[PDB]
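Asks: The following block contains the structure, expressed as structure tokens.
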Amino acid sequence: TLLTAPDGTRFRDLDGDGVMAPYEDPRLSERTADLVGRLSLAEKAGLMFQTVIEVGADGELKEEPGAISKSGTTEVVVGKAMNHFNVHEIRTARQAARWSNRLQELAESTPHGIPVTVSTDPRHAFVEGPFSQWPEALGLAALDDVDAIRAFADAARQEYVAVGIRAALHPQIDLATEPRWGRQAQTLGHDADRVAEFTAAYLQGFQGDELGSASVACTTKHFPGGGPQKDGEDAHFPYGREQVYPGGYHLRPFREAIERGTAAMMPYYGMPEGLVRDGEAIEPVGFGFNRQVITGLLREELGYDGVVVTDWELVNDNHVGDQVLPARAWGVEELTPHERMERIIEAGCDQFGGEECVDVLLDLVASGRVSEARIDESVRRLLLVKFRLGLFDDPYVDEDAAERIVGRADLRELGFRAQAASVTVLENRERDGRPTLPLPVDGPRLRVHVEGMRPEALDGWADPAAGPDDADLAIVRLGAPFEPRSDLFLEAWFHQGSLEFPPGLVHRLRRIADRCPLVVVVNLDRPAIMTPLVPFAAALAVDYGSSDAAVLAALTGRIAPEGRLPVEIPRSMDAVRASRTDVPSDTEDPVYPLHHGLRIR
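Under PDB author numbering, read the sequence shown as residues 7 to 35, 38 to 136, 145 to 264, 268 to 620, first letter to last.
So this is what it looks like as structure tokens:
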């Protein structure tokens, strides 16, 4: 629909007039102002919803309910005037870019062809496609290198933009002050100052200093800080709704994100319990419904005028599977969807995440509950980002370029080096004068008993042992322990509760160590109580979501492990329960303190 105007301009014709209205004019900055004037009420409402969308298996628009999404794409894009979606499973780069182009063409069919903003959750961590593979964010914190964060952000920005992903549901700049929290791995530790520095590098790396045609707009989360979860239980669950502040910091990275112009901001599900800020009691309700936090603090006190999108599904219950996913309507559970949605608008948010109930919003306007003037305030913010990203002018991508950019060998090597070098060594006992690590790359052909790691990963370097008895050493990878739960939906997908290893698992490792030197590598999605392992492991290390090969690269010193603990490892669960969930690494006598890491040679 690229046309040549009577005055000479080349412009995208989005309403089809054959003429170039101002909002369709690329010369202009003010084209939001012009487009707000032309949009129907249903178009304004469509803008204030963002939900999951699925890529068709062969690059086609999914027109049927999927694993997660429930409406057809034409339904949401055309029938509901929606144009913000969080994309899920991507198989190939070509697939994603072709589907993106198809999606953007469909979006032209709307009365004013508002382009689609496709966002995504973090999708580069090896422990969860075609993207470069990295450790989890906590691994970058273990490297404690501002340049590695610049490098990640630019790498991921190149890969996102190649397939038409122009929004990030991140950085996640919550602080991991509560060790039982099952979302620590996606943080950058708990040092508010350090995290704030990473935040500037992250937003600059993804957004630039000004949003443009190669930018990714960031949705910084989870405002005002999701880390201090009461008893470590997470606000995804109706038993984990509360955040508590017994130590009276978490806001500080978000002030940086505001100073840096993060294009959007996501309040957490969390409900603050017993919080007083400057002598003023804070309403005990989910931050998305909390006018004090969104309007008083974020809008007025901090001066933030970017987009505010709720966390996912605050308004309606669901029924995926055959039991009930509850709306995360924490502290307002007794409100109906209409009343929830109204309360979110009143709190000062602009967009409902994980919802597509545009008719509910049109209801409120027709009921007189919400003014079109109020809607215009949010429509203005949402439209701005689309215009500043360049999406009104060129939302299309190159399929062939996409196949070459995404997972490019140099980005894969960056990410693989991050995986290996973020490995953090905790104990490294000395065999006969030689430390256990690095393991011999030369030396003898070793027989290695492996558990938790693929034996195929030894290929070329060592022979798999049938067991500890015929092994020169054992390499055991373990996840951090947790309380296995499955009473509610998603519980099986979270790692919550106690950080202690089962005693029979500890004994089995001890039986291994009685026969051969034992190297334990723990995937530190949470700070496992390492203490019972310390008396018999020949070496103790942690990774933050590293492949078997990257772990082996670190353990042999091929890529030296440079990680230092970005959170402490508590000595016992007793020490955890005695600590304050909002205070960083404040357990007493941690078995490995904050910043601990050993160099190997």
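All residues carry an ideal CB built from backbone N, CA and C; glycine is no exception.
Between the Cα of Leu-537 and those of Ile-578, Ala-282, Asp-488, spot the shortest distance and give me the residue it belongs to.
Replies: When only C-alpha atoms are compared, the closest one is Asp-488.
Asks: Give me the residue from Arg-407, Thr-10, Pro-483, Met-26 with the minimum Cα distance to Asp-225.
Replies: Looking at the Cα atoms, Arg-407 is the closest of the given residues.
Asks: From this set, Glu-116, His-468, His-238, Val-539, which residue's C-alpha is nearest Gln-200's C-alpha?
Replies: Comparing Cα-Cα distances from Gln-200 to each of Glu-116, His-468, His-238, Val-539, the minimum goes to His-238.
Asks: Going by Cα to Cα distance, which pick from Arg-296, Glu-449, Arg-618, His-92 is closest to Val-60?
Replies: Among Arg-296, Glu-449, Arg-618, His-92, the Cα nearest to that of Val-60 is on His-92.
Asks: Out of curiosity, what's the CA-to-CA distance linking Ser-79 and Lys-405?
Replies: Taking the straight line joining both Cα atoms gives about 23 Å.
Asks: To the nearest angstrom, how far is it from the Cα of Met-26 to the Cα of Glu-38?
Replies: Each residue's alpha carbon lies about 14 Å from the other.
Asks: Write down the C-beta distance between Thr-215 and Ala-178 rounded to the nearest angstrom, noting that I regard them as a contact closer than 8 Å.
Replies: Going by Cβ atoms, the distance from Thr-215 to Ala-178 rounds to 24 Å, so no, they are not a contact pair.
Asks: How is the beta strand (DSSP E) around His-92 delimited, first residue to last?
Replies: Per DSSP, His-92 belongs to the beta strand (DSSP E) from 92-95.
Asks: For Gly-315, does the three-state DSSP call read helix, strand or coil?
Replies: Residue state, collapsed to three classes: helix.
Asks: Can you tell me the Cα-Cα spacing of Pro-609 and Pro-589, whole angstroms?
Replies: Those two C-alpha atoms are separated by around 4 Å.
Asks: So what does DSSP say about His-526, is it helix, strand or coil?
Replies: Correct three-state label for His-526: helix.
Asks: Taking C-beta to C-beta, are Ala-490 and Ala-484 nearer than 7 Å?
Replies: Yes; because the gap between Cβ atoms is below 7 Å, this pair is in contact.
Asks: Beta carbon of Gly-243, beta carbon of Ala-192: below 7 Å?
Replies: Yes, the Cβ-Cβ distance between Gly-243 and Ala-192 is below 7 Å.
Asks: Can you tell me the Cα-Cα spacing of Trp-150 and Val-135, whole angstroms?
Replies: Cα-Cα distance, rounded: 9 Å.
Asks: Where does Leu-507 fall in DSSP's three states?
Replies: Coil at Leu-507, not helix or strand.
Asks: If you follow the beta strand (DSSP E) that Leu-537 is in, where does it begin and where does it stop?
Replies: From DSSP, the beta strand (DSSP E) with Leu-537 extends over 537-542.
Asks: Going straight from the alpha carbon of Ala-184 to that of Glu-449, what length do you get?
Replies: Those two C-alpha atoms are separated by around 45 Å.
Asks: In this structure, what does DSSP give as the bridge partners for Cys-234?
Replies: In the DSSP output, where bridge partners are listed per residue, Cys-234 has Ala-184.
Asks: Roughly how many whole angstroms lie between the Cα atoms of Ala-282 and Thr-235?
Replies: Approximately 6 Å between the Cα atoms of the pair.
Asks: Answer yes or no: do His-269 and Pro-603 have a C-beta to C-beta separation smaller than 7 Å?
Replies: Against a cut-off of 7 Å, the Cβ pair of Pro-603 and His-269 comes out as no contact.
Asks: Assign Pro-474 to one of three DSSP states: helix, strand, or coil.
Replies: Helix at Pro-474.
Asks: Taking the beta strand (DSSP E) that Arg-46 belongs to, which residues open and close that run?
Replies: Careful: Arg-46 lies outside any beta strand (DSSP E) and carries neither H nor E.
Asks: For a quick check, are the C-beta atoms of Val-126 and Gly-180 less than 7 Å apart?
Replies: Yes; because the gap between Cβ atoms is below 7 Å, this pair is in contact.
Asks: To the nearest angstrom, report how far apart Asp-66 and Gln-103 are at their CA atoms.
Replies: The alpha-carbon atoms of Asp-66 and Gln-103 are separated by roughly 6 Å.
Asks: Thinking C-alpha only, which one of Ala-499, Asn-94, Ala-50 is nearest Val-63?
Replies: Of the listed residues, the one whose Cα sits closest to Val-63 is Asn-94.
Asks: From what residue to what residue does the beta strand (DSSP E) around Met-56 run?
Replies: Segment: none, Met-56 is in no beta strand (DSSP E) and carries neither H nor E.
Asks: Measure the beta-carbon distance from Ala-50 to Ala-89 and round it to whole angstroms, keeping in mind my assumption that it falls under 8 Å.
Replies: Yes, they are in contact, since the Cβ atoms of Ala-50 and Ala-89 sit about 6 Å apart, within 8 Å.
Asks: What would DSSP say about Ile-98, mapped onto helix, strand or coil?
Replies: Coil at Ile-98, not helix or strand.
Asks: Select from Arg-504, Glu-502, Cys-535 the residue whose C-alpha is nearest the C-alpha of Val-495.
Replies: Per the Cα distances, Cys-535.
Asks: Might you give, ordered along the chain, the residues of its own chain that have their beta carbon closer than 8 Å to the beta carbon of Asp-369, omitting 5 neighbours on each side?
Replies: Contacts found: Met-56, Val-326, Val-327, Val-328, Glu-396, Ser-397, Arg-400, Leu-401.
Asks: Would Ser-148 and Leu-430 qualify as a contact pair, given that the criterion is a beta-carbon distance under 7 Å?
Replies: Closer than 7 Å, so yes.
Asks: Just to confirm, is the Cβ distance from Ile-363 to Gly-307 under 7 Å?
Replies: In contact: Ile-363 and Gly-307 (Cβ atoms closer than 7 Å).
Asks: With DSSP as the reference, label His-120 as helix, strand or coil.
Replies: In this structure, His-120 counts as coil in the three-state DSSP scheme.
Asks: Do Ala-560 and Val-444 have their beta-carbon atoms positioned less than 7 Å apart in this structure?
Replies: Yes, the Cβ-Cβ distance between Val-444 and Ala-560 is below 7 Å.
Asks: When you compare only the Cα positions, how much space is there between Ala-115 and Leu-20?
Replies: Spanning the two alpha carbons is a distance of roughly 9 Å.
Asks: Based on Cα-Cα distance, which residue from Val-553, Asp-593, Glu-502, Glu-446 lies nearest to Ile-619?
Replies: Out of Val-553, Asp-593, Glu-502, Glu-446, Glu-446 has the C-alpha closest to the C-alpha of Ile-619.
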